[PDB]
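structure_17.txt, holding compact mmCIF, C-alpha atoms and all ligand atoms:
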# COMPACT_ATOMS: atom_id res chain seq x y z
CA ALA A 255 7.32 -15.30 59.18
CA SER A 256 9.02 -12.11 60.33
CA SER A 257 7.46 -8.76 59.43
CA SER A 258 10.69 -7.50 57.86
CA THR A 259 10.88 -10.47 55.49
CA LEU A 260 7.18 -10.05 54.62
CA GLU A 261 7.57 -6.31 54.02
CA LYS A 262 10.51 -6.97 51.74
CA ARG A 263 8.55 -9.66 49.89
CA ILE A 264 5.88 -7.03 49.30
CA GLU A 265 8.46 -4.47 48.15
CA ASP A 266 9.98 -6.97 45.69
CA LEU A 267 6.64 -8.17 44.32
CA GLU A 268 5.47 -4.59 43.81
CA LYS A 269 8.67 -3.83 41.88
CA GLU A 270 7.93 -6.94 39.82
CA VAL A 271 4.38 -5.85 39.04
CA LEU A 272 5.63 -2.42 37.91
CA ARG A 273 8.24 -4.10 35.69
CA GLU A 274 5.84 -6.49 34.01
CA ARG A 275 3.37 -3.66 33.51
CA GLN A 276 6.08 -1.74 31.69
CA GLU A 277 6.83 -4.77 29.52
CA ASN A 278 3.13 -5.24 28.76
CA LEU A 279 2.83 -1.60 27.80
CA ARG A 280 5.75 -2.07 25.44
CA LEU A 281 4.18 -5.17 23.88
CA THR A 282 0.83 -3.41 23.49
CA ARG A 283 2.36 -0.48 21.62
CA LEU A 284 4.49 -2.81 19.48
CA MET A 285 1.27 -4.70 18.74
CA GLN A 286 -0.32 -1.50 17.48
CA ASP A 287 2.74 -0.94 15.27
CA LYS A 288 2.48 -4.43 13.73
CA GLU A 289 -1.24 -3.79 13.20
CA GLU A 290 -0.57 -0.52 11.38
CA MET A 291 2.00 -2.33 9.27
CA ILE A 292 -0.51 -5.04 8.34
CA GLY A 293 -2.98 -2.35 7.33
CA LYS A 294 -0.49 -0.53 5.10
CA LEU A 295 0.68 -3.79 3.49
CA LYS A 296 -2.91 -4.86 2.73
CA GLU A 297 -3.59 -1.45 1.17
CA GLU A 298 -0.42 -1.84 -0.87
CA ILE A 299 -1.67 -5.23 -2.08
CA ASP A 300 -4.98 -3.69 -3.16
CA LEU A 301 -3.13 -0.93 -5.04
CA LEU A 302 -0.87 -3.48 -6.73
CA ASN A 303 -3.92 -5.46 -7.85
CA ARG A 304 -5.54 -2.33 -9.31
CA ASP A 305 -2.28 -1.59 -11.17
CA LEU A 306 -2.21 -5.21 -12.37
CA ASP A 307 -5.77 -4.90 -13.64
CA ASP A 308 -4.88 -1.69 -15.47
CA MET A 309 -1.92 -3.42 -17.13
CA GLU A 310 -4.08 -6.38 -18.18
CA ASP A 311 -6.51 -3.93 -19.80
CA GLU A 312 -3.89 -1.79 -21.61
CA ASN A 313 -2.26 -4.96 -22.94
CA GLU A 314 -5.50 -6.58 -24.10
CA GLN A 315 -6.28 -3.34 -25.91
CA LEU A 316 -2.84 -3.33 -27.56
CA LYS A 317 -3.36 -6.95 -28.61
CA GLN A 318 -6.60 -6.05 -30.30
CA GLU A 319 -4.98 -3.08 -32.04
CA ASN A 320 -2.18 -5.38 -33.23
CA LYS A 321 -4.77 -7.89 -34.41
CA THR A 322 -6.42 -5.14 -36.44
CA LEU A 323 -3.18 -3.77 -37.94
CA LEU A 324 -1.97 -7.27 -38.77
CA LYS A 325 -5.33 -7.96 -40.42
CA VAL A 326 -4.92 -4.77 -42.47
CA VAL A 327 -1.42 -5.69 -43.59
CA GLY A 328 -2.81 -9.09 -44.47
CA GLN A 329 -5.28 -7.36 -46.77
CA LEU A 330 -2.57 -5.20 -48.36
CA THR A 331 -0.58 -8.37 -49.15
CA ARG A 332 -3.28 -10.59 -50.70
CA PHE B 254 1.97 -1.31 61.35
CA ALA B 255 0.42 -4.27 59.57
CA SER B 256 -0.62 -7.73 60.78
CA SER B 257 1.48 -10.71 59.78
CA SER B 258 -1.76 -11.95 58.23
CA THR B 259 -2.41 -8.62 56.49
CA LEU B 260 1.07 -8.70 54.99
CA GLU B 261 0.51 -12.35 54.05
CA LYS B 262 -2.58 -11.35 52.09
CA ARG B 263 -0.91 -8.40 50.36
CA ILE B 264 1.71 -10.94 49.29
CA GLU B 265 -1.02 -13.39 48.18
CA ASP B 266 -2.73 -10.71 46.11
CA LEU B 267 0.47 -9.43 44.53
CA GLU B 268 1.48 -12.96 43.56
CA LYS B 269 -1.90 -13.50 41.89
CA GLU B 270 -1.36 -10.18 40.09
CA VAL B 271 2.07 -11.15 38.78
CA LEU B 272 0.76 -14.51 37.55
CA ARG B 273 -2.13 -12.70 35.80
CA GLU B 274 0.08 -10.14 34.08
CA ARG B 275 2.46 -12.89 33.01
CA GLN B 276 -0.41 -14.79 31.42
CA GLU B 277 -1.40 -11.60 29.62
CA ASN B 278 2.12 -10.97 28.29
CA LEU B 279 2.24 -14.57 27.11
CA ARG B 280 -0.98 -13.93 25.20
CA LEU B 281 0.43 -10.75 23.69
CA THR B 282 3.67 -12.53 22.78
CA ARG B 283 1.88 -15.25 20.83
CA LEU B 284 -0.44 -12.71 19.17
CA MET B 285 2.70 -10.82 18.18
CA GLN B 286 4.28 -13.87 16.58
CA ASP B 287 1.04 -14.16 14.61
CA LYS B 288 1.19 -10.53 13.44
CA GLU B 289 4.80 -11.04 12.30
CA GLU B 290 3.96 -14.19 10.33
CA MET B 291 1.05 -12.34 8.73
CA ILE B 292 3.36 -9.45 7.82
CA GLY B 293 5.78 -11.94 6.28
CA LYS B 294 3.14 -13.48 4.03
CA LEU B 295 1.82 -10.03 3.05
CA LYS B 296 5.32 -8.85 2.08
CA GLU B 297 5.83 -12.03 0.07
CA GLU B 298 2.54 -11.44 -1.75
CA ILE B 299 3.76 -7.92 -2.47
CA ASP B 300 6.89 -9.49 -3.99
CA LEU B 301 4.86 -11.77 -6.26
CA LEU B 302 2.56 -8.95 -7.36
CA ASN B 303 5.55 -6.72 -8.16
CA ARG B 304 7.09 -9.53 -10.21
CA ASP B 305 3.79 -9.90 -12.08
CA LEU B 306 3.67 -6.14 -12.69
CA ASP B 307 7.21 -6.33 -14.08
CA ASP B 308 6.17 -9.16 -16.41
CA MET B 309 3.17 -7.12 -17.55
CA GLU B 310 5.50 -4.15 -18.11
CA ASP B 311 7.79 -6.16 -20.38
CA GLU B 312 4.85 -7.63 -22.31
CA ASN B 313 3.46 -4.10 -22.61
CA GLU B 314 6.67 -2.79 -24.13
CA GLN B 315 6.89 -5.74 -26.52
CA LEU B 316 3.33 -5.16 -27.68
CA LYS B 317 4.11 -1.46 -28.14
CA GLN B 318 7.21 -1.96 -30.28
CA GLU B 319 5.36 -4.65 -32.24
CA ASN B 320 2.56 -2.13 -32.69
CA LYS B 321 5.00 0.53 -33.91
CA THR B 322 6.57 -1.89 -36.39
CA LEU B 323 3.15 -2.81 -37.77
CA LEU B 324 2.24 0.88 -38.12
CA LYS B 325 5.49 1.44 -40.01
CA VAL B 326 4.74 -1.51 -42.32
CA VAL B 327 1.29 -0.10 -43.06
CA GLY B 328 3.01 3.20 -43.82
CA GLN B 329 5.44 1.65 -46.31
CA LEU B 330 2.80 -0.40 -48.09
CA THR B 331 0.08 2.22 -48.50
K K A 401 6.76 -15.35 51.32
K K A 402 10.21 -12.00 42.68
K K A 403 -3.86 -5.12 28.75
K K A 404 0.99 -2.75 52.40
K K A 405 -3.41 -5.43 43.37
K K A 406 9.00 -11.20 27.98

Output the structure of this file as C-alpha cells.
Ligand SMILES: [K+]
Ligand SMILES: [K+]
Ligand SMILES: [K+]
Ligand SMILES: [K+]
Ligand SMILES: [K+]
Ligand SMILES: [K+]
Amino acid sequence: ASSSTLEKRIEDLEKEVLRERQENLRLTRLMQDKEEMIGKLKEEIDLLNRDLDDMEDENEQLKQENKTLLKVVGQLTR
Amino acid sequence: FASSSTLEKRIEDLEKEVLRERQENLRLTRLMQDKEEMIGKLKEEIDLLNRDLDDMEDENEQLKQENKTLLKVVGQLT
C-alpha cells in the first residue's frame, strides 16, 4: 500500500462523507417540512369537523322548525 | 508525514463513518416515505370531509327553501 494511494483514498472518502452529510441535511429539513404539512393538515381536519358539527346543528334546528310549521299548517287545515 | 498504518486507520474510520451515515439516510428515507403516505391519507380525509360539508350545504339550502315555503303557506292561510 503506497502512501499516495492511501492519501488519495482518504481524500476521496472525506469528500464522500461531506457529500452524504449534505444529503442528510437535505433529508432532515425536508422531513421537517413534511412534519409541518402533517400538522397543518390535521388542524384542517379538526376545523372541518367543527364546521361539520355546526352544519349538523343548524340543519337539525331547521328540521325542528319545519316540523313545527308543518304541524301548524296541519292545524289550519283540519 | 503519516504512517502507512496511521493512514490505514484514517481510512478504516472514514469507511465506518460513511457506512453509518448511509444507514442514517436510509432511516430518514423510509421515515420520509411514511410521512408522505400519512400526508396522502390526511389529504384524502380532507376530501371526504369537504364532500360531506357540501352535502350538508345542499341539505341546508333545501331545508331553508322548504322553511320559506311553509312560512309563506302559513301567511296565506292565516
Ligand atoms: K484502500
Ligand atoms: K468512494
Ligand atoms: K442526524
Ligand atoms: K490524515
Ligand atoms: K471521523
Ligand atoms: K439518497

Within 8 Å of ligand K 402 (chain A) (only C-alpha atoms and all ligand atoms), residues as an MDAnalysis selection string: chainID A and resid 263 266:267 270

Interatomic distance, CA of residue 306 (chain B) to CA of residue 315 (chain A) (Å, one decimal): 16.8 Å

Could you build a table of the residues in chain B lying no more than 9 Å from ligand K 401 (chain A), giving for each the nearest pair of atoms and their separation in Å rounded to one decimal place, using only C-alpha atoms and all ligand atoms, ordered by chain and ascending residue number, as CSV?
residue,atom,partner,partner_atom,distance
B:261,CA,A:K401,K,7.5
B:264,CA,A:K401,K,7.0
B:265,CA,A:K401,K,8.6

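Near ligand K 403 (chain A), the residues found within 10 Å are residues 275, 278, 279, 281 and 282 of chain A; 274, 277, 278, 280 and 281 of chain B (criterion computed using all atoms listed in the file).
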
Using the selection just defined, write its residues with C-alpha atoms as an mmCIF file, in the coordinates of the input.
data_model
loop_
_atom_site.group_PDB
_atom_site.id
_atom_site.type_symbol
_atom_site.label_atom_id
_atom_site.label_comp_id
_atom_site.auth_asym_id
_atom_site.auth_seq_id
_atom_site.Cartn_x
_atom_site.Cartn_y
_atom_site.Cartn_z
ATOM 1 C CA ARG A 275 3.370 -3.660 33.510
ATOM 2 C CA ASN A 278 3.130 -5.240 28.760
ATOM 3 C CA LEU A 279 2.830 -1.600 27.800
ATOM 4 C CA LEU A 281 4.180 -5.170 23.880
ATOM 5 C CA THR A 282 0.830 -3.410 23.490
ATOM 6 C CA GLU B 274 0.080 -10.140 34.080
ATOM 7 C CA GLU B 277 -1.400 -11.600 29.620
ATOM 8 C CA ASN B 278 2.120 -10.970 28.290
ATOM 9 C CA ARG B 280 -0.980 -13.930 25.200
ATOM 10 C CA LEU B 281 0.430 -10.750 23.690
#

Residues of chain B no more than 8 Å from chain A, counting all atoms listed in the file: send them over as number ranges by chain. B: 257, 260-261, 263-264, 267-268, 270-271, 274-275, 277-278, 281-282, 285, 288-289, 291-292, 295-296, 298-299, 302-303, 305-306, 309-310, 312-313, 316-317, 319-320, 323-324, 326-327, 330-331

Rounded to one decimal, what separation in Å do you get between CA of residue 259 (chain B) and atom K of ligand K 405 (chain A)? 13.5 Å

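Put simply, atom K of ligand K 404 (chain A) is 24.2 Å away from CA of residue 276 (chain B).
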
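Distances from A:304, A:332, A:280, A:269 to ligand K 406 (chain A) were compared using all atoms listed in the file, and the smallest one belongs to A:280.
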